[PDB]
Amino acid sequence: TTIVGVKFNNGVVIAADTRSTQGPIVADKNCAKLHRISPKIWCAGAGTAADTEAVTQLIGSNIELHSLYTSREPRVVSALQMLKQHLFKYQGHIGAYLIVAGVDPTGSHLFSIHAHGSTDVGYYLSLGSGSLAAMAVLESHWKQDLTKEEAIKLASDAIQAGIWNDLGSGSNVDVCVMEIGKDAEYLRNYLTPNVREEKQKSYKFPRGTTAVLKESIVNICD
Amino acid sequence: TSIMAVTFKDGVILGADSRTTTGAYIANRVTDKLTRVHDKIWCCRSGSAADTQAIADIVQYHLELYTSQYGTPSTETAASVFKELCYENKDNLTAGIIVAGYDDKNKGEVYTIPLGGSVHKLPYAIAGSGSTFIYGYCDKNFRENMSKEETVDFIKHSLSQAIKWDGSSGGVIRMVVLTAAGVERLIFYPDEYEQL
Amino acid sequence: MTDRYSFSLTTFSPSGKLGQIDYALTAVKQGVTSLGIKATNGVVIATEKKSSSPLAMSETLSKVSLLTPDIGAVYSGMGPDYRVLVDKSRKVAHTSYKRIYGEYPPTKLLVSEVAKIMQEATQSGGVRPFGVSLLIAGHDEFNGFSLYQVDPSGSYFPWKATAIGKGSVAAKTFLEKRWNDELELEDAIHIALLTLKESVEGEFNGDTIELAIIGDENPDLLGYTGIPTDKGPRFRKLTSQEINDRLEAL
Amino acid sequence: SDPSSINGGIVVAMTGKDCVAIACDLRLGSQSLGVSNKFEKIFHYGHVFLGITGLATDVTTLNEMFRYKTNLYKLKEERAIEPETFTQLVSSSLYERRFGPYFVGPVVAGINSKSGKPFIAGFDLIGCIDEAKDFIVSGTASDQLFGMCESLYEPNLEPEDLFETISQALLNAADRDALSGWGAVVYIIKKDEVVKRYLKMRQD
Amino acid sequence: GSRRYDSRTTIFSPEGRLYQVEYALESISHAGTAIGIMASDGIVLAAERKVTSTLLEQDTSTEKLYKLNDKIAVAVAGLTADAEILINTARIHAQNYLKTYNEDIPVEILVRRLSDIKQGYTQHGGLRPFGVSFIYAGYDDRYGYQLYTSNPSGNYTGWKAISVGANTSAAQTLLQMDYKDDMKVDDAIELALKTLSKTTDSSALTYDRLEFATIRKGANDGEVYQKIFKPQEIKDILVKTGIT
Amino acid sequence: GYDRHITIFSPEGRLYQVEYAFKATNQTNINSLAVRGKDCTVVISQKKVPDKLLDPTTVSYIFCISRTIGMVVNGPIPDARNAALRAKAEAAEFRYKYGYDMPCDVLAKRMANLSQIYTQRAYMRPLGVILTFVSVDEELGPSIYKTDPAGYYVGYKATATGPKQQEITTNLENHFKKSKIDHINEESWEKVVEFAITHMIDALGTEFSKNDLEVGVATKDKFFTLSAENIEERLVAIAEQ
Amino acid sequence: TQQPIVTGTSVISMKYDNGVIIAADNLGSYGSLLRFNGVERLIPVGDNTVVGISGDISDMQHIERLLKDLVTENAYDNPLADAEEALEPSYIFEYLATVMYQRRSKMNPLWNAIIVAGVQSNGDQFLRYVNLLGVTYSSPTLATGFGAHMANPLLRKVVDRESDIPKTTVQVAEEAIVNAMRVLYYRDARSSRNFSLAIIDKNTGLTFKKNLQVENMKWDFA
Amino acid sequence: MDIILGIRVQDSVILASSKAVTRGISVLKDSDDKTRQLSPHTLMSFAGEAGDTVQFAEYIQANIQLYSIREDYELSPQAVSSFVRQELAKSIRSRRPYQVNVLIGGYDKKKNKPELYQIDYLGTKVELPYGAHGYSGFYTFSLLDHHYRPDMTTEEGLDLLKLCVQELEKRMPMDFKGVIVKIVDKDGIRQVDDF
Amino acid sequence: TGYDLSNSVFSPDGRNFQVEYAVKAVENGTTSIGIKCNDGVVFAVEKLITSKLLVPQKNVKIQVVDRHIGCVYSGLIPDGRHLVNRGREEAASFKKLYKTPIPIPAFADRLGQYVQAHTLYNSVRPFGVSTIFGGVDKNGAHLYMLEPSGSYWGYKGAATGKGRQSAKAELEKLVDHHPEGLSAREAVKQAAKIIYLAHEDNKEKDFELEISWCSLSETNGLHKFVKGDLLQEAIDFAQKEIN
Ligand SMILES: [Cl-]
Ligand SMILES: [Mg+2]
Ligand SMILES: [Mg+2]
Ligand SMILES: [Mg+2]
Ligand SMILES: [Mg+2]
C-alpha cells in the first residue's frame, strides 16, 4: 500500500493506491482504501486489511452515535482519540495504520495513527510499504500555502511514486478532497495509468469442449 | 530521543529534539515531545511513542479532575501520578519521562522517572538515548540559579551535542519556558545549533 | 446497598389489568398532541412545541428526532422518557443491525427493537414502564414508506394515519374524513397542519410547530459527493420559514 | 499442521452477461490421504450462493451457522437475504473471531433480485471483503486459479460460454495442485433458473 | 428496605393456586378469539383482530398469527409485546435444534421448551408471568399434523380443535358439535370461520378484522406449505362460504 | 398508597417522588438568575449566612465544573455537591475520551439523563436540586442550560430559579420585549453583572450588600467566581448612576 | 516476573554491646551508568529502627511508602503509639518478610535485599535479613550483595560469635563498618564514595549520619 | 487404540475395531472393545488419546440415551452424527480439546438404509460407503476401492473385511491383537464371536 | 402517610424524615466542640462517667485521620467510628495518588459525599452522628461540621450534642470579643470552659474532659492530644470560671 495526506489553503486532501495483495499475489487490482468515518472525515488505511476496515467502521459507527447525541458535527480529534485508545488497548495486535483527515467546526486537520497507538501531526504525511517513495516526493515538492489544485497534484504524484517504485502498491489513484465550507469530494479512480493492454487471442472455447457426467436443475424456490 | 529539563532563577525550562524513529527511518522529523499535562506542568517524553502518549493522556485527565476538585496541583503531585502509572505497569511499558513545573511557592522543579518507575527530584535532568553523550558536558556546565538566557544556551548547547552524536536524535530543538510571566515556546533550527 | 428491587413493579391485578401500563397510558393522554400521516410518496410527522417559559429557547428542545437517515420519531407523554428512548433507539440501530449488516434497519425492525426495550420496562425488576407513546415514520427499499405507533406496553401497530395524546380522539376522526390512498406528500403536509390547528390553542406558526417528513433523498444534506449509491437522507426537518409559507395557502 | 492446507480444496466465482457462475472441487483429504470424493464446498441460502474453502470442520460449521442466521433473517425481514447484505453478514461473523479465527476462504455469488445485477465477493479468514467485477478465487490452488482466470476471462460472456470458461479455469488449476480435484461441480446462475453440472475430471 | 413494595408474584394462595397465573388468564379472556382446527390433510389457524379502526393499515399488519419456522406457526391471545419476546426465543430455539441435529425441530419439543420458560416465571425470580396463550400449529414426520396450546402457567396440551382468548367456552362447544375425524382442510376452514362468526362480540365478521392461515401438504409431493392469507384472500374465502 | 413512596406511576399517570423532589429545590430559600451578554454569560445567586459561627467563604452554591463550565444549584447542599462531583467527573471523562472540552448543553443532557434514570429505577431517589449550567461555548456562544429532578432540560435566553423565580422571570421577559433582542447588548462583562444585579433588585425589591450576593461569570476559555470586593466594586458602580 | 532497572548495591551491618550499626552508599545505578548520586537507602522507622535496602530502587520507594503508611496505621486509635505500643523492629521485619514471601509466591517479587536493624523495647539488639525470595536469617553481622562477600569477613573478625558482642564497643564497631565501606569502594564497580551510616543505641538512641565520605585511601603504590 | 474400520453394504453397516491396549513397551490388554452402543440401531467406534476416548464415547452415549428417554424415540443416524460433530467442533477450540476420532454406523429405520459416518477430532464429518481412521486407511481405502461393490450382502461384507484385516496384519508395524466385529442392521446390533 | 418508614423517600414537603430522625439520635448524645484559632484548630468533648468502674483516660473518643486531621462526634459512637474508618481510607488513597496529605476542604467533601450516599437508598440507614473535624494544610487552618444529611460548612466555631445551644452562645462571644484572632493555647483553655459550661445540660453524671489540637506553631501542624500539665492547667482555668 501507498497512502498520503496533504494540507492546503482551505482544507486537506488524502490519496491512496488501489492494489490489494496476499503475499506476492495481487488479490484485488482495484480495491478502495479510502474510507468514510463521517461525511467530512475520511480515513486512508494500510496494514492488515480487515483490521483497517473493521476499526474504521467501529469508530465511524460510534462517531455517528456521538454526533447524534451531541447535536454537533463530528471532530477529527474525536475520531483520533477513539482510534488511538482502541488500538493501544490491543497492544498492536490490531494491525491498523491510518492517515486520518477532515474538516470540522474547529478547522481542517491531518493526523496519522500507528498500530500500537501513537498519533502524529503534519502538513504532509505518508504511510504503508510505499511511504518512503511517497515521502521522498513530498519532501521534494511540498511548500507552505498550497492551493487546492496544487495539493491534489502533489498528493497524486506521491501516490504515483509508490505505484511505480513499490511492489506492494499499484493500479490506480483514489483521491478525496475535504475543503472548509464545502462538501467532501471523493474522486474514485482519479487516475488510471495501468490499463491492461488488448490480449493477443480470444480463449473462448467451442461449446462441448468440457466433458460432463451429470446434469440437473437446481431448486432455489420454496 | 534526547530530552532534558533545567531549573533556574525565574523557574524551569524543558528541552527536546524532534526526531521519531522506526528503525533507521525517520517517521517524523518535526515531532513535539514536550507535552502539556497542566497549565504550568509539562513533561518530556522518551521511549515508546505509543506508551508515553497513553500515559500523558491519562495524567492530563487525572490532573484536570484534580483541578476541578482541589485546585492547582503541585509539580510533585503530577510526578506522583506519572510514577504510579509507570511503576504499576512496569512489565508492559517502555517510557522514560521527565516532569517539570512552576509553582509560585516552590518555583521551578524537575522530577525524572526512568524505566522502573522510580522518582528522582533533581536540579536538572537528562534522558533519552542521546543523553548518554552529554552527561560529561552537562555536569561540568550546569550551575544553580542561572538566568533565562544562560539556561537557554545551556540546553541549546547540550542538545546540540546529543543530536550530533545520537542518530536517534535530530531535527529542531524545541524548548518550553515555565516562569511566573507565563509559558513561552522556543524553536531552534539546524542552521543555528549545528555550528555552535 | 445495591439494587434490592429484583422483583416486578408491574403485576396483574385480579381483573387482569396491568396497573402500571394503564397508568402510563394515562400519562400519554395528558401529553401534547402529535400525529403522523402516510402519503404515496412520503410520510409526515408533526407536533406542537409547548414552551415552558417565553425566556426558554424552544429550538434547543427537539420533539421530532432523527433515528436513522430514513427514520424519524415523535412522541406524546413524558419528554425525559422519550429523550433516553431516542438515545437507546439510535444505538440499537447500530449495535444490533448496522454493525452486522452494513446498512440501516428497515422501519418495522427498528420499531421492533424499541418495542422490546419498552416491554422489558414492563417486566424487569425494580423499574416502571416508559410514560410515552411513539410515532415512528420511515422508509426502506423493500417495504417503501411506513408509519408505526409504539405504546408503553411494547405493542406496535402500522398506520395509514393517526394521532396520539391530548386531542387524539378528535384528530383521528378528522384524519378519517381527509385520508385517501392517492394522497401526495404535499397534500399530507396540508392535512397535518389543518389537523394540528384544532388541538393548538395559542400561537400557530413555524416557531410553535415542529414538523418533519420522510420523502425523497436529499443529496444536498449528505455532506459529501463521489459515491453514486449514497444519495442522502430521506428524513428532513422543515424549517420555521418553510412552515409559514404553507400557512398562508391554508 | 497449517490449518488451511490439511484438507485441501478450491472455489472460484465469475460474472457474465446477466448471470453468475460458482464452481468447486469435491476432494476432502487428510494431508496425503484422500478420504472423500463427495465433499461439496458450495451451499446456498435462498438465491445467494456461498462457497467455502479451508479447514473442513470450519466449512461445515460456517455453513450451519449461516443457514442458522439467514433463516432468522428471513423470518424477521420477511424476505430472502440479498448477496450484498449476506456479504456484510459473512464479514461481521468472521471478524467476531478476530483473535481465534475460522480457517476458511469464503466466496459469495448471486444475482440481486431487485436490481438484477450480478454480484461476487471474496474474504480472507478474518473478514476482509474483496469485491470484484470479474472473478474471485479461493483455496489451496488459488495461485493457479488466479493465473487461469486472468488469462481465460473476458467480460459479458453468455451463460453457456461462461460455463466453459469457469470449468476450464477450475479443472486446469486443480490438476496442478496435489490437494485439489477428485471431481468438480459448477453452478450456472441466471435471474430465475440455476443449473448444476458435475464435471468429468482426472481422478489422481 | 424494599420488602415493603414486593408483590410476591410467585406464591401460592391458601387454596393452592398461583395468583398471578390466574389473573393473567383473566387478562387473556378479554383478548380476541383465536381458533385452531386440525384436519387429516392440514391445519387451519383463524383469529379475530381486536376492535379495528378504519385508518389501520391492514395488509402490512401482524397481530395474531406469527411464523416460528417453515413448518410451525402460532396464534396469539394476550399482550402482543409479551408474545413477541417469547416468539423470538422460540424462533432461536428452532434454529439451535436445526444447527445441532441438521433436522427441523419436532413440534412438541419446541412447545415444551417455550412452556418451560413460562413455568420458570411462576416458580422463581419474583417477576410477573407472561400474559400470553399460544395455539401452536405445525407438522413433523413423527406425528404429522399437530395442534397444541400453552398458557401463562407453562402447562401445555394437544388438541384436534381448540380456541383461546375470548368466548372459549361458547367456541369450544360449537367445535365439539360439528367436528369429526375424517374432516378435510376446506371443511375445517368453513368450521373455523363459522365459529368465530357466532362467538364474535362484533356486529358482523368482515375481512379487515381477521387473520387467517393454513398449513397443508398441498404443495407438490410430500412437503408442507405455510399460507398466511392476504386481505383480499380472506375477503374471497369469506364470500366463498357465504358469510358476507 | 406505596405509589407515592417510590418512582412508579400513580393512577393519574404522575410520579409523586419526582414532584416532591421539586419542592426540596426551594428548601434553602435562595433565588438564582442567569443572563447572556455578547461575549459572556453571567449567573448570580443570593448568599444567606445566618449563623455568626459559620465561615462565610465556605458557604457557596456556585461550582466550577470545568475551566469553561460553571454550575449554580438550587437545592440542599448535600445533593448539590453530589451533582457537582458527578458533573466534574463527567466533564473530565468526556475530554479524555473525545479530545475536546465538553459543551455546556451536552453536559446538561448527560446530567438530565442521569436524573431521568432515577425517575424510572426504584432503588435510586431523585436529587432534590435544579442545576443551571453556564458557559461561552466555542460553537454556540453564550449558553444557559438548566436541569431538574424530572430529567427535563432546555436552553435559555435568560433564566431564574428559586421561591421568587416567577417575579424575576417576568421582569426579564418585559426587558426582552422592550430591547427586541436575545441578550444584553453590552461590551464588558462588568456591566452585564451590573445588569443582572440591577434587575434582581427590581424584581425582588431588596437592596444587597457585598456579602448578600454570589456572582459567577463565564467568558471565552474560563469561568470564574467574584470575590466580595469585586461585587462591592460592582455595587458602587450601580449606586453612582 | 521482573527485571531490576535502577539499583542500589551493598547494605552492611553489625551488632555491638549496646546496639547495632548499619550503612549503605548513596548511589542509584542504571546498569553500568552511575546515574543518581543523592539516593538515601537507609530509612528510619521511629527512633528505634532503620531499614536498609538494596536492589531495585522503584521497589525500594514502594517499600518506603509501605513503612510510612505502617507508622500512620499504628498511630490510629493508639494512645501508647509513642510508648508501649510503638513499632518494634521485630514487628517491622515480620511485616516486610510476609510481604516479600507473598510476592515471590505470586511470581511477581519486590527485587530487593533488606536488612532491618534496631533495638527492642527490652534493650535487646535486633538484626535480621530478608530478600526477594522471602528468605530470612539472622547473624551478629549481616550484609547484602558484594558486602556479603567482602564486608562480612572483615566484620566477623570483630564479632565472630554471640559472646563477642558484649566485648565490642561502638567506637570499635563503627571503625570496622567505615573500613568495610572503603574496601567496597575499592572493589565494587557499583559503589560510590558517598554514604550514610546509622547507629541505634539502647542508651543514646538513633544517630543518623549523612554525607559521609570514604577517606584515607591507599593508591600511591602502582 | 489405533485401528477402527467401517463398511456399509446393501442392508447393514459393519464395524471392525482392534482389541489391543498398549502403554509403553507393554500390551496391557488384548480383548478391549473400542465401541459404545448409542441407541438400539446406532453404534460408535473410537480411537485416539488415552482416557479421552472412553470419556468422550460414554459422554455421547449418556446424551443420546437421555434424548431417547425424553422423547421416547430413536434419533436417526444422521441426527446423531451431526450432534457428535458439533461436540467435537466445540471441543477443538477449548482449553483442552478431545483428541478422539470416531466412526458412526447406524441403520435408519425410516429410510430402511444403512449409513456410515466418519468424523475426526476436528469435527470433520463425511458419509462414506467405507471408512477408516489413522494409518489403517493408507492400506484399506485402495483395497476397498478395488473390491467393494454397493450391492454386497452382509456375508460378502464380512469377507471383504477379512481381506482388510489380513492386509493390516501383514503390513502394519504393530501387533493390534485382531479385531472385534459388529453388525448394524434392521434388527439392531450384534457381535460376531468367531473372527 | 408512611413517608417516614423508608430512607430516601421524599415527603410531600420535600423532606427525608429518616435523616431528621437520625438528627434526634445526635441531639441525644454528649457535647462536643471545635474552635478555630490563629494557626490551627482545637477539639474538645464531654465524656460521661457512668460508673466508678470506668478506667480514667482510657476510653478515648477523639480520633485522628492521617497525621494532620482530628475528628470528634456526638451521637451513635459506632457510626462515628465507621465514618472515620472511611475517612482514613479516603485520606490514604488521596496521599497514595497525589503524594501530598489530603487538604481539609478536600477531606470534608469525601466524608460529605459518603454520608450523602447513605440518604440515596432505602437499603441503608443514615448516619447517627454529627461530626466536628478539621486541621492544618497548605492554606492554613480549617474547621468543619458534618451532619447526617451530608450537609457541611466551614466554621469559626462549632458545637453539637445535648449542650449545643449553651456551647454555641459561648462560641459567639469569643468571635465577637476577638475579631483579630484567638491563640492556640487560649483556645485550649476556652474549650475547657465551654465543655464545663455545656455540662450544665447533662449534670446528673459527672464527666471527664478530653481535648486535642492542631497548630502550625504549637504542634508543628500535626494532631496531638492535650495531656498532663497543659490539661490540668486548662481544667483549673475552667473550674475558676464556673465559680
Ligand atoms: Cl447518557
Ligand atoms: Mg543526529
Ligand atoms: Mg489435482
Ligand atoms: Mg493422487
Ligand atoms: Mg426512584
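Residues numbered from 1 in each chain as written, not as in the entry; some residues may be left out. Chains lettered and ligands numbered in written order. Part of a larger assembly, values for the part shown. Heavy atoms only, no water.

Structure determination for this PDB entry was carried out by X-ray crystallography, with a resolution of 2.70 Å recorded in the header.

Another aspect to go through is the pattern of salt bridges. Going through the model one piece at a time under the given rule, you end up with 98 salt bridges over all chains. Close ionic contact of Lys47 of chain I with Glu208 of chain I constitutes a salt bridge, the shortest N to O distance being 3.1 Å. With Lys47 of chain I in strand β2 (residues 40–48) and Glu208 of chain I in strand β9 (residues 207–215), this residue pair connects regions lying 161 residues apart in the sequence. A residue is classified by how much of its surface remains accessible, and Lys47 of chain I, at 8% relative accessible area, is buried. Owing to a relative accessible area of 14%, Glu208 of chain I belongs among the buried residues under this scheme. If you follow the salt bridges from partner to partner, you end up with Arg72 and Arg75 of chain A together with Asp105, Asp137, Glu138 and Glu139 of chain F in one network. (Salt bridge = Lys/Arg side-chain N within 4 Å of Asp/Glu carboxyl O. Helix = DSSP H or I, 4+ residues; strand = E, 2+ residues; numbered from the N terminus. Buried < 20%, exposed > 50% of the residue type's maximum accessible area, 1.4 Å probe, protein only.)

Before going further, it helps to examine the packing of helix α2 (residues 75–88) of chain B against helix α2 (residues 77–98) of chain I. Where α2 of chain B contacts α2 of chain I, the axes come no closer than 7 Å and their chain directions differ by 90 degrees. Judged by the inter-axis angle, α2 of chain B sits roughly perpendicular to α2 of chain I. Only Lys96, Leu97 and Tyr98 of chain I of α2 of chain I make contact with α2 of chain B, whose side of the interface consists of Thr77, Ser80, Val81, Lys83 and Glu84 of chain B. Of the residues in the contact of α2 of chain B with α2 of chain I, the class split is three nonpolar, two polar and three charged. (Axes fitted to C-alpha atoms, helices over the stretch in contact; angles between N-to-C directions. Parallel < 35°, antiparallel > 145°, perpendicular 65-115°, else oblique. Contact = heavy atoms within 4.5 Å. Nonpolar A, V, L, I, M, F, W, Y, C, P; charged D, E, K, R; others polar.)

Another point: the environment of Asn139 of chain I. All names here are of chain I. Among the structural elements, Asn139 can be located in the loop between β5 (129–137) and β6 (140–146). Classification of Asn139 by relative accessible area gives exposed; the value is 61%. Distance from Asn139 to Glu204, taken between C-alpha atoms, is 43 Å for residues 65 residues apart in sequence.

On to the arrangement of the chains, then. Between chains C and F lies the most contact-rich interface of the 18 pairs of chains that touch. Of all C-alpha pairs spanning chain A and chain G, none lies closer than 19 Å, and the two are not in contact.

Okay, the pairing of strand β7 (residues 104–111) of chain D next. Residues and elements named next belong to chain D. Within β7, eight of the eight residues are buried, which leaves the element mostly enclosed by the surrounding structure. Pairing analysis gives six bridges linking strand β6 (residues 48–54) to β7, with the strands arranged antiparallel. Looking at β7, one finds that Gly54 is bridged to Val104. Relative to strand β8 (residues 118–123), β7 runs antiparallel, the two sharing five bridges. Note on β8: the bridge partner recorded for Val108 is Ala121. Adjacent in sequence and paired antiparallel, β7 and β8 are bridged by six residues, among which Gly116 carries a positive phi angle near 80 degrees. (Pairing = 2+ DSSP bridges.)

Another aspect to go through is the coordination of the magnesium ion (ligand 5). All names here are of chain F. For the magnesium ion (ligand 5), the protein coordination sphere consists of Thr7 (OG1), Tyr118 (O), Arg121 (O) and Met124 (O), at 2.4 to 2.8 Å. On the primary sequence, the residues serving as donors to the magnesium ion (ligand 5) are separated as T-x110-Y-x2-R-x2-M. Note on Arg121: relative accessible area 39%, which makes it partly exposed. (Donors = N, O, S within 2.8 Å, 3.2 Å for Na, K, Ca; no water.)

This part covers the interface of chain C and chain F. Each partner contributes residues to the interface: chain C has 30 residues there, and chain F has 33 residues. Here chain C packs against chain F, burying approximately 2,800 Å² in sum over the two surfaces, 63% of which is carbon and sulfur. It is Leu55, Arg83 and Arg128 of chain C in chain C that bury the most area against chain F; as a group they hold 27% of the surface buried on that side. Our count for the chain C to chain F interface comes out at one salt bridge. Between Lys109 of chain F and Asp87 of chain C there is a salt bridge whose closest N-O contact spans 3.0 Å. Of all elements in the fold, only α1 (19–30) and α2 (79–101) of chain C reach the threshold of two or more residues within the side of chain C that touches chain F. (Buried area = accessible area lost by both parts, 1.4 Å probe.)

On the side of chain B, ten residues touch chain A, which itself brings 13 residues to the contact. Buried surface at the junction of chain A and chain B, both sides included, amounts to about 950 Å², of which 48% is carbon and sulfur. It is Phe88, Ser118 and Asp120 of chain A that lose the most area in chain A upon contact with chain B, and together they represent 37% of the buried surface on that side. At the junction of chain A and chain B, the tally comes to two salt bridges. Residue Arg29 of chain B is joined to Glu139 of chain A by a salt bridge in which the shortest nitrogen-to-oxygen separation is 2.6 Å. Applying the counting rule to chain A against chain B returns five residue pairs in polar contact. Those elements that place two or more of their residues in the side of chain A that touches chain B are α2 (76–89), β9 (119–121) and α3 (131–141) of chain A. (Polar contact = N/O pair within 3.5 Å; in protein donor to acceptor, adjacent residues only side chain to side chain.)

As a further point, take the UniProt feature "active site" in chain B. Residues and elements named next belong to chain B. Per the UniProt entry, the sites bearing "active site" are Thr1 in this numbering. Structurally, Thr1 can be placed in the segment before β1 (3–8). Leave out the neighbours within four places in its chain, and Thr1 touches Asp17, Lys33, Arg45, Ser46, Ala127, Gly128, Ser129, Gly130, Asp166, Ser168 and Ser169. Here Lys33 takes part through its side chain, which lies 3.0 Å from a polar atom of the side chain of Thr1. (UniProt positions renumbered as here; feature names shortened; annotations may be inferred.)

Right, let's talk about the sheet that holds β6 of chain D for a bit. Residues and elements named next belong to chain D. Across the sheet, which stays open at both edges, the five strands sit in the order β5-β6-β7-β8-β9 with antiparallel pairing between neighbours. If you trace the sheet from one side to the other, it starts and ends with β5 (42–45) and β9 (129–131), each paired once. Neighbour-to-neighbour, the strand axes of this sheet turn through a mean angle of 25 degrees, independent of strand direction. Both β8 and β9 contribute to a ladder of three bridges, which runs antiparallel. Bridging from a neighbouring strand, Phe123 pairs with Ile129 of β9.

Strands sit in the order β13(A)-β12(D)-β11(D)-β2(D)-β1(D)-β10(D) across an open sheet of six strands; the sheet is antiparallel. Looking along the sheet, the strands with just one partner apiece sit at the ends: β13 (212–218) of chain A together with β10 (135–139) of chain D. Adjacent strand axes in the sheet meet at a mean angle of 15 degrees, parallel and antiparallel pairs treated alike. As paired strands, strand β2 (residues 19–25) of chain D and strand β11 (residues 184–190) of chain D are joined by six bridges and run antiparallel to one another. Bridge pairing in β11 of chain D places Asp25 of chain D opposite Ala184 of chain D. Relative to the sheet, helix α3 (residues 142–152) of chain D contacts β1 (10–16) and β10 of chain D, its axis offset from that of β10 of chain D by approximately 160 degrees. Against the sheet, helix α4 (residues 159–174) of chain D engages β13 of chain A together with β1, β2, β11 and β12 (193–199) of chain D, with an angle of about 155 degrees to β1 of chain D.

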